[PDB]
> 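Got a structure for you, questions after.
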Amino acid sequence: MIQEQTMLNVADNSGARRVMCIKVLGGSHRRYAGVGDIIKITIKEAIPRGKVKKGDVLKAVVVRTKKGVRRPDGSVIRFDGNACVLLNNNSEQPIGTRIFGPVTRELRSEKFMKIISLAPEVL
Amino acid sequence: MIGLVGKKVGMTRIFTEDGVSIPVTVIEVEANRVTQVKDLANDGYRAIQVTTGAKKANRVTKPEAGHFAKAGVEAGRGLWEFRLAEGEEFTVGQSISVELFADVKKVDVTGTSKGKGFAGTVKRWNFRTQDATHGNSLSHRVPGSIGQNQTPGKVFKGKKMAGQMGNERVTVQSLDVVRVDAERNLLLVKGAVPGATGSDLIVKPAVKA
Amino acid sequence: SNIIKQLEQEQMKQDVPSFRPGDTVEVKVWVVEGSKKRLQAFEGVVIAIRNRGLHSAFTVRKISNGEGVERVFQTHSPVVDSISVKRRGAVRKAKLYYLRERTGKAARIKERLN
Amino acid sequence: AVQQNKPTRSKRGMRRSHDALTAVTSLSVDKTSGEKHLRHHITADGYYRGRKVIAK
Amino acid sequence: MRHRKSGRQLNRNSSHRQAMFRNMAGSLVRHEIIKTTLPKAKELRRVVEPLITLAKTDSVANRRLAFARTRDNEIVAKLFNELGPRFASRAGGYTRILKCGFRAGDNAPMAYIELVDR
RNA sequence: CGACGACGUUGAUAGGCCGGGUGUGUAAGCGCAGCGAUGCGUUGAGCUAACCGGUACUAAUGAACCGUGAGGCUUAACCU
RNA sequence: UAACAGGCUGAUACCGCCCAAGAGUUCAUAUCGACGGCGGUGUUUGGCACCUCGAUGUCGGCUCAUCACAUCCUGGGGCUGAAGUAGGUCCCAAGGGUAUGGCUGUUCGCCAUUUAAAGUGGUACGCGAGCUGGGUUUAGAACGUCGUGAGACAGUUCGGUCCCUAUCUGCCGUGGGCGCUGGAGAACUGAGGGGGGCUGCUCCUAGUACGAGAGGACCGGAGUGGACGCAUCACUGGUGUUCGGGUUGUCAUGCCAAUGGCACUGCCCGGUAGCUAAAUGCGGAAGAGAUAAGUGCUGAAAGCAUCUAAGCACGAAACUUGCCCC
RNA sequence: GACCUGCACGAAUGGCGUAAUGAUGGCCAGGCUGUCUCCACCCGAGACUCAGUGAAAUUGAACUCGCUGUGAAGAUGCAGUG
RNA sequence: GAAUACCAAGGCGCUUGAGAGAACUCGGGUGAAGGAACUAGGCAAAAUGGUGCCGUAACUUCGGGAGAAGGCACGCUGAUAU
RNA sequence: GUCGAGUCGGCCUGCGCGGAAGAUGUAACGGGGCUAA
RNA sequence: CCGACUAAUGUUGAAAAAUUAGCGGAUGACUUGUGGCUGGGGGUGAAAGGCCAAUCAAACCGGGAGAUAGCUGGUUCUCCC
RNA sequence: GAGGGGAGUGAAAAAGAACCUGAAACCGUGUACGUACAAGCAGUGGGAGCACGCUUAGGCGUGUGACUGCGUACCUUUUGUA
Ligand SMILES: [Mg+2]
Ligand SMILES: [Mg+2]
Ligand SMILES: [Mg+2]
Ligand SMILES: [Mg+2]
Ligand SMILES: [Mg+2]
Ligand SMILES: [Mg+2]
Ligand SMILES: [Mg+2]
Ligand SMILES: [Mg+2]
Ligand SMILES: [Mg+2]
Ligand SMILES: [Mg+2]
Ligand SMILES: [Mg+2]
Ligand SMILES: [Mg+2]
Ligand SMILES: [Mg+2]
Ligand SMILES: [Mg+2]
Ligand SMILES: [Mg+2]
Ligand SMILES: [Mg+2]
Ligand SMILES: [Mg+2]
Ligand SMILES: [Mg+2]
Ligand SMILES: [Mg+2]
Ligand SMILES: [Mg+2]
Ligand SMILES: [Mg+2]
Ligand SMILES: [Mg+2]
Ligand SMILES: [Mg+2]
Ligand SMILES: [Mg+2]
Ligand SMILES: [Mg+2]
Ligand SMILES: [Mg+2]
Ligand SMILES: [Mg+2]
Ligand SMILES: [Mg+2]
Ligand SMILES: [Mg+2]
Ligand SMILES: [Mg+2]
Ligand SMILES: [Mg+2]
Ligand SMILES: [Mg+2]
Ligand SMILES: [Mg+2]
Ligand SMILES: [Mg+2]
Ligand SMILES: [Mg+2]
Ligand SMILES: [Mg+2]
Ligand SMILES: [Mg+2]
Ligand SMILES: [Mg+2]
Ligand SMILES: [Mg+2]
Ligand SMILES: [Mg+2]
Ligand SMILES: [Mg+2]
Ligand SMILES: [Mg+2]
Ligand SMILES: [Mg+2]
Ligand SMILES: [Mg+2]
Ligand SMILES: [Mg+2]
Ligand SMILES: [Mg+2]
Ligand SMILES: [Mg+2]
Ligand SMILES: [Mg+2]
Ligand SMILES: [Mg+2]
Ligand SMILES: [Mg+2]
Ligand SMILES: [Mg+2]
Ligand SMILES: [Mg+2]
Ligand SMILES: [Mg+2]
Ligand SMILES: [Mg+2]
Ligand SMILES: [Mg+2]
Ligand SMILES: [Mg+2]
Ligand SMILES: [Mg+2]
Ligand SMILES: [Mg+2]
Ligand SMILES: [Mg+2]
Ligand SMILES: [Mg+2]
Ligand SMILES: [Mg+2]
Ligand SMILES: [Mg+2]
Ligand SMILES: [Mg+2]
Ligand SMILES: [Mg+2]
Ligand SMILES: [Mg+2]
Ligand SMILES: [Mg+2]
Ligand SMILES: [Mg+2]
Ligand SMILES: [Mg+2]
Ligand SMILES: [Mg+2]
Ligand SMILES: [Mg+2]
Ligand SMILES: [Mg+2]
């Protein structure tokens, strides 16, 4: 349940460590992004020699949330933190080559098959 | 198509084989007894009036008792009317049960919504609150302005303001029929319906379809 | 109400093992990836149990691939294929939410010898 | 906020048209002591429905 | 809204209500008949009757539970030694409320509440 | 607040009571181990609101009160 | 007899039109339109001093709106210098919809990032007996500047009391009276009124039609969303000072043990019912009638031509219904 | 922080610095949060009902509606109409 | 500690009560996810908070800055020591 | 070259037509209504 | 104990300046009791035109006094020209 | 008790000490008529019905006022004021 100003951890090796959501995309007055949703981010902290730099503006897909996801039987999966995977602003494909920590079956789509492939675990 | 009068038993869930949980309202539809048939010649329109359930004898007044006796039908707890379609015919004293919905995919359910009493504009009309702080003087949930100035010099009719909320007729449209259980006089519909547990419900085949 | 209790009783699993908060359980859940249905294990500590008949639930916490994850299972859901207790834990509370602030050695749960 | 014109005695009476008290429709009679009492209340002499409930 | 809620606030806070009804249960056990306001008598039923039910089973633990409530060993002793035995075969309804008009000071509706076998 | 709905002994309306559920999480007392804090057994114990299923134990009193006694004129269509 | 708002006016402003030099390869009129001409609005800057000086609170924000249409989006259409995609321009259309942030008192504006779109105006530049009080506009102080000085400056700077219990109209709700022609208990009909009406993306049709290619549809269908609304509590959760427990200090119940009071529920951990959103069901429609702009059929006046005069057919979120509530 | 183009700084109506100090003015960050997204529930005191007591400002008189117009030019009271 | 909490001696429950458990106001408690996005401004609220020890930068008028910052321990029982 | 009664486009003039968008409500005959009213 | 920076409340108040939560000084140019002195163009002022008995760019009371008011208000029975 | 009803005094107690006369505003009880489909300075012109009463037995007198034409208080100040 991510909104403007939300800080997120980074679940890839793109070089960013902390990013902030600056826009929830895909709708007028749209409040929240959940797992599988694409957000607009600014990089607030990044490791010295990564593929991305502090202050860059780009896109990310949310892959873990504290609020979590519901399943058709009514069960929920919650995570200890919020995390996203950085995406190239135009192609919206991952910038990093590795994906860290678990992700969820909600990302099983044409657009995010690469994340599923790279993730160590899909819940 | 006619409908049936039931009772909101409560909600539960149906687990399917593929791991879906369907939230369902359980509606007890006992046999609906036709107490009067209205036709164009005598009444100006085509309809049936039904009753269901039962009422204690000393709670039935002589007028209502005479009305039931003319139908040759035991007294139910109330009387409800359903308009008749062109191909629809019924007889006084006929019993109509929940198998009426055997092949119906979707239903409209009408009940009396729960009563919230005197509601403020925030609860009743989703008005936003003013500042909790920043100097606000006694005006945190209050409505704000209710009009203009000298023009028009009045409040418009239908202005959203505080008042009674709920305890009114509500219809929820095109709910999936999950199960019809003729033996147990039960209809299960997917999702919530108006009213509190135990209250009367009017169920009719969905008008939108 | 008797009507709804009947409707729920007809749906309840009759093979649910006994387990308590603090136990380590393994839950096997069906996962459908295409036309393929297979069982995936989720193993962790039970931090909460909701005893509510057909609507009973339990919450399992694990650290997985560096990340803490909780799953609230609907006990009688067909998504849950089997539950097995791997370890009996000795705790005194019903709800182990305090474990959310513990990691590693501080997160250990004494075994319940019985 | 205060009136701009003095309300009339007529308007005062119209407003008070709902102020009249209602008398108790009927008093009940104790079956044993025969004294009058408020329905479902005890009598002045400690009787209720024929039973001497309260003494002294 | 107060849907399905039970219990009267009686224009008091919870600690005041608790102390008041401890005192009043003590008084009803002691005197077997008291006069109070009608709403207070109706609320008092819910405090006094479970005390009598508890007193039906005489044990150290039950006496200690009765003392934690009541805080009066004379009241506890009367409960277990007299009222429990008196009500041993009565399934609830150990009290009776008798409406008795209106208070002079404040027009408060009044009632006697008494033990049924007084 | 009025109002609206249920019920008043031919009664489940409310309280209580009984059974259950739920929640908390192994009461008190006693015993054992330990110098002791404490641990262990009895014991998933004890307690458990507004919940579910029941139950006339308590309170819903016989009455009384209001409301009447066949319901205007004319004309037309009929029944005699 | 000025400052605010109203009023009168409409030079100015904004909008529309007429003539057509010329631009537009050609070609005034796809688009634009010189020199000039004619109007509309009340809408800017103003003019006036009619109302109020025994007081009509004046910026901006917030809350809550309501109307106009000169339409921002969505809908319908003509022309195009309209291949397609996407545009331009004009006509019809007011049903619904119509950003969040950084800076700054700002309105505005610029900037960042959204969106189908981020409309333009009227409503005392709507709304302070609804909120605010950052700005303007008292008394303190200082700078620059002016002044011999007191002081002064739509120059700047730091600080600086926002009252009202609603009688009437109005509006949201809710009862009481009488009436409706003997009295009574019910179920209705439906005059009439209100609500609702938004839209993205993806896939198929189809890599088809179009096109040298790059690209890439109409018409129709399917799914899934944003925002909004109604209901509900099965689920996930919040609350849960009325349930259970842990614990600090102290006082008491003779003492031990066990309990109770007080300390924000002393402090906390959990949590039943209810209430509830972040939870999950459902909705906007289809269809019908009459139409707008527009398109036509047949057809004379006018032997031709002509959608019109007679007659006949299509045509949109507007209108009347259909849906929900009274 | 610089630059200098100081409309209109400048040396005891002191100039430029300055550690410490300040319920002093401005700006930024960590923590923190119902300030906010967007409000929900709860505990209390009022508000509401009954009994007792019992004010106020204001007030030409009132049988005190809407709309469009008129009109000392912004109308419950005029015209028409609903 | 003359702070504070609970008490003693002692003194009091504040000269309207009784109900109810709407909006709204006042004074408080808690809150999913987010965390200053609020606003003129973090206004208000939330937060920090003790003692001992470890450790502490620029700058400085050599006093300071400094409780800078940051961190560890902390109850109870037994022994050392009836 | 083909049909058999008019055909054409200038002027002057009476009455009408378009040009003609606004904000609470018809709201630019006082209303109803009027083809004469 | 002396103060009074912020907010909420209160604003026909519980109060003609307070209450509540916070806030500053707290061995000093500190704070307090009792008594004394300074008097109105005068006092006193770590200076705000502050304070001098809820009164201050000239206190209060009485007097000149019915100041003056080219201003505002008001101005009382009837009929005829 | 307060207060009152009688009895008594007195020319009078409706002169009773809240005391001669005892106005008006203002507030009641009783009777007549009107009034619950009706829009505004509340009257005025017209006017039915009802009630009570009148020496000719006839209309009239008194009270009320359905319905209907017209109708925006007063003073002051003003060019001009609902
Ligand atoms: Mg309710
Ligand atoms: Mg808001
Ligand atoms: Mg204030
Ligand atoms: Mg407030
Ligand atoms: Mg006035
Ligand atoms: Mg009244
Ligand atoms: Mg209940
Ligand atoms: Mg009270
Ligand atoms: Mg307490
Ligand atoms: Mg039980
Ligand atoms: Mg215990
Ligand atoms: Mg002006
Ligand atoms: Mg102007
Ligand atoms: Mg002039
Ligand atoms: Mg004016
Ligand atoms: Mg005035
Ligand atoms: Mg238009
Ligand atoms: Mg319209
Ligand atoms: Mg429509
Ligand atoms: Mg902006
Ligand atoms: Mg910032
Ligand atoms: Mg304005
Ligand atoms: Mg505007
Ligand atoms: Mg105000
Ligand atoms: Mg106003
Ligand atoms: Mg000054
Ligand atoms: Mg509507
Ligand atoms: Mg439930
Ligand atoms: Mg919970
Ligand atoms: Mg809690
Ligand atoms: Mg407790
Ligand atoms: Mg002890
Ligand atoms: Mg005590
Ligand atoms: Mg104490
Ligand atoms: Mg032709
Ligand atoms: Mg200088
Ligand atoms: Mg010099
Ligand atoms: Mg200096
Ligand atoms: Mg009162
Ligand atoms: Mg009127
Ligand atoms: Mg008006
Ligand atoms: Mg007007
Ligand atoms: Mg103290
Ligand atoms: Mg409350
Ligand atoms: Mg509050
Ligand atoms: Mg809090
Ligand atoms: Mg929160
Ligand atoms: Mg949280
Ligand atoms: Mg944070
Ligand atoms: Mg901001
Ligand atoms: Mg903002
Ligand atoms: Mg603060
Ligand atoms: Mg705090
Ligand atoms: Mg219009
Ligand atoms: Mg001072
Ligand atoms: Mg203070
Ligand atoms: Mg200091
Ligand atoms: Mg100090
Ligand atoms: Mg000065
Ligand atoms: Mg003074
Ligand atoms: Mg002088
Ligand atoms: Mg003189
Ligand atoms: Mg004089
Ligand atoms: Mg006497
Ligand atoms: Mg005399
Ligand atoms: Mg006299
Ligand atoms: Mg009438
Ligand atoms: Mg009518
Ligand atoms: Mg008139
Ligand atoms: Mg004038
Ligand atoms: Mg005039």
Side-chain angles (χ1 to χ4, degrees), chain A residues 1 3-6 22-23 25-31 40 66-67 70 74 76, chain B residues 11-13 21 23 44-45 49 58 61 63-64 67 79 81 113 117-120 128 130-139 141-152 154-159 161-164 169-175 190-192 194 207, chain C residues 1 51 55 72 92-95, chain D residues 1-7 18 25-26 28 31 49, chain E residues 1-7 9 13-14 37 39 45-46 49 53 60-61 64 67-68 71 90-93 95-97 105-108 116:
Chain A
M1 190 162 172
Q3 60 188 81
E4 287 178 16
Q5 315 296 321
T6 301
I22 58 171
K23 194 68 66 189
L25 299 171
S28 160
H29 296 93
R30 184 165 179 178
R31 292 183 173 88
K40 173 64 70 139
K66 286 210 75 191
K67 203 69 168 63
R70 306 280 308 265
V76 67
Chain B
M11 306 175 59
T12 193
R13 74 218 285 182
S21 176
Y45 70 110
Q49 165 195 108
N58 72 2
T61 69
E64 315 167 323
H67 185 67
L79 294 171
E81 195 158 324
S113 69
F118 201 113
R128 325 158 155 97
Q130 304 178 47
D131 289 340
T133 66
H134 288 294
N136 181 295
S137 300
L138 312 180
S139 305
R141 299 174 75 83
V142 302
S145 180
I146 63 172
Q148 287 90 38
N149 207 308
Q150 168 162 194
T151 297
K154 67 173 178 178
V155 177
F156 289 133
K157 199 108 66 200
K159 183 73 187 70
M161 338 171 96
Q164 167 67 36
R169 188 189 171 100
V170 181
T171 296
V172 179
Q173 281 189 322
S174 70
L175 299 182
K190 168 175 168 182
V207 79
Chain C
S1 86
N51 302 300
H55 313 302
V72 178
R92 290 190 66 189
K93 308 194 167 291
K95 303 299 194 291
Chain D
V2 62
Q3 72 205 24
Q4 288 200 351
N5 296 93
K6 175 176 177 180
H18 305 280
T25 97
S26 147
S28 302
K31 59 159 122 184
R49 290 175 64 172
Chain E
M1 288 177 275
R2 64 145 282 293
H3 292 172
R4 309 278 279 188
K5 301 199 181 192
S6 282
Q9 181 206 326
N13 55 50
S14 53
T37 77
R45 278 178 317 183
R46 299 188 71 225
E49 290 190 17
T53 308
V60 172
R64 287 188 183 188
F67 185 67
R71 291 297 295 187
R90 190 176 287 278
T95 62
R96 161 189 297 122
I97 293 174
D106 59 5
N107 197 39
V116 294

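Numbers restart at 1 for each chain; the letters A, B, ... are given by sequence-line order, proteins then strands.
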> Both distances below 3.5 Å, Watson-Crick or wobble geometry, any strand: find the nucleotide opposite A4(K).
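Across all strands, not a single nucleotide pairs with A4(K).
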> Taking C1'-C2'-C3'-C4' as the guide, is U241(G) a north (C3'-endo side) or a south (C2'-endo side) sugar?
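Pucker flag: south.
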> State the pairing partner of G31(H); accept Watson-Crick or G-U wobble contacts with both distances under 3.5 Å, and report none otherwise.
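Across all strands, not a single nucleotide pairs with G31(H).
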> Please determine whether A30(G) and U71(G) constitute a Watson-Crick or G-U wobble pair, defined by two donor-acceptor distances each under 3.5 Å.
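Pair flag for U71(G) and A30(G) is false.
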> Using a cut-off of 4.0 Å on non-hydrogen atoms, how would the nucleic acid contact of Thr151(B) be classed: base, sugar-phosphate, or nothing?
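Base contact - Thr151(B) has a heavy atom under 4.0 Å of at least one base atom.
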> Could you check whether the six-membered base rings of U145(G) and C146(G), which sit next to each other in the strand, have centres less than 5.5 Å apart and planes tilted by under 30 degrees?
yes
> Under a 3.5 Å limit for both distances, which nucleotide forms a Watson-Crick or G-U wobble pair with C52(L), could you say?
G61(L)
> Starting the side chain at C-beta, find the nucleotide from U167(G), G175(G), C52(F) nearest to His18(D).
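Nearest nucleotide to the side chain: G175(G).
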> Can you identify which nucleotide, out of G281(G), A63(F), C42(H), has its nearest atom closest to the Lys5(E) side chain?
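When the side chain of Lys5(E) is considered, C42(H) is the closest of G281(G), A63(F), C42(H).
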> Could you check which of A231(G), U167(G), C228(G) has an atom nearest any side-chain atom of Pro7(D)?
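It is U167(G).
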> Can you tell me if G65(L) puckers north or south, using the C1'-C2'-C3'-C4' torsion sign?
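Here the torsion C1'-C2'-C3'-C4' comes out negative, placing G65(L) south.
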> Looking only at atom P, what distance separates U66(G) and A124(G), rounded to whole Å?
15 Å
> Kindly say whether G270(G) and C243(G) qualify as a Watson-Crick or G-U pair under the rule that both distances are below 3.5 angstrom.
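Pair flag for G270(G) and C243(G) is true.
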> Please check the phosphate of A40(H) (OP1 and OP2 only) for any side-chain N or O of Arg141(B) closer than 4.0 Å.
yes
> Determine, using a cut-off of under 5.0 Å between side-chain heavy atoms and groove atoms of paired bases, which groove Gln5(A) is in contact with.
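Major groove.
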> Given the P atoms of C319(G) and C198(G), what is the spacing between them in whole Å?
13 Å
> Quick one: which of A50(F), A231(G), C43(I) gets closest to the side chain of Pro194(B)?
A231(G)
> With both distances under 3.5 Å as the test, what is the Watson-Crick or G-U wobble partner of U165(G)?
none
> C1'-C2'-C3'-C4' for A139(G): north (positive) or south (negative)?
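The sugar ring of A139(G) falls in the north range (positive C1'-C2'-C3'-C4' torsion).
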> Among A18(I), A234(G), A231(G), which is the nearest nucleotide to the side chain of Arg13(B)?
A234(G)
> When both hydrogen-bonding distances must be under 3.5 Å and the geometry is Watson-Crick or G-U wobble, what is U12(K) paired with, if anything?
none
> Please report, rounded to the nearest Å, how far the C1' atom of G240(G) is from the NE2 atom of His3(E).
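So the NE2-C1' distance, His3(E) to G240(G), works out to 17 Å.
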> Whole-Å distance between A61(H) P and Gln4(D) CD?
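One finds 12 Å between P of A61(H) and CD of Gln4(D), rounded.
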> Please tell me which of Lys154(B) and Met1(A) maps to the more 5' nucleotide of RNA chain H, matching each residue to the nucleotide holding its nearest heavy atom.
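Mapping each residue to its closest nucleotide by heavy atoms, the 5'-most match is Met1(A).
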> Do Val76(A) and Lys67(A) come within less than 4.5 Å of each other through their side chains, counting heavy atoms only?
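SC-SC contact between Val76(A) and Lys67(A) ruled out.
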> What is the distance from CD of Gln164(B) to P of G175(G), rounded to the nearest Å?
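Distance check: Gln164(B) CD to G175(G) P gives 9 Å.
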> Whether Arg46(E) contacts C17(F) is assessed here as follows: a side-chain N or O lying under 4.0 Å from the phosphate OP1 or OP2. Is that the case?
no
> May I have the distance from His134(B) (atom NE2) to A36(I) (atom P), rounded to whole angstrom?
14 Å
> With a cut-off of less than 4.0 Å, is there a side-chain N or O of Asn51(C) near OP1 or OP2 of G23(F)?
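Yes, within the criterion.
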> Just read off the sign of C1'-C2'-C3'-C4' for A45(H) and name the pucker, north if positive, south if negative.
north
> North or south sugar at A20(G), going by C1'-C2'-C3'-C4' (positive north, negative south)?
south
> Considering only the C1' atoms, how many Å lie between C59(I) and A68(I), rounded to the nearest integer?
13 Å
> Atom NZ of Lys93(C) and atom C1' of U24(F): how far apart are they, to the nearest Å?
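Going from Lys93(C) (NZ) to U24(F) (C1'), I get 10 Å.
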> Starting at NZ of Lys190(B) and ending at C1' of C233(G), how long is that distance when rounded to a whole Å?
16 Å
> Among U232(G), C38(H), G126(G), which nucleotide has an atom closest to any side-chain atom of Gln148(B)?
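Shortest atom-to-atom distance from the side chain points to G126(G).
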> So which nucleotide does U247(G) pair with, by the Watson-Crick or G-U wobble rule with both distances under 3.5 Å?
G266(G)
> Please state how far atom CG in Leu138(B) lies from atom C1' in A129(G), giving the value in whole angstrom units.
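Atom-to-atom, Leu138(B) to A129(G), this comes out as 14 Å.
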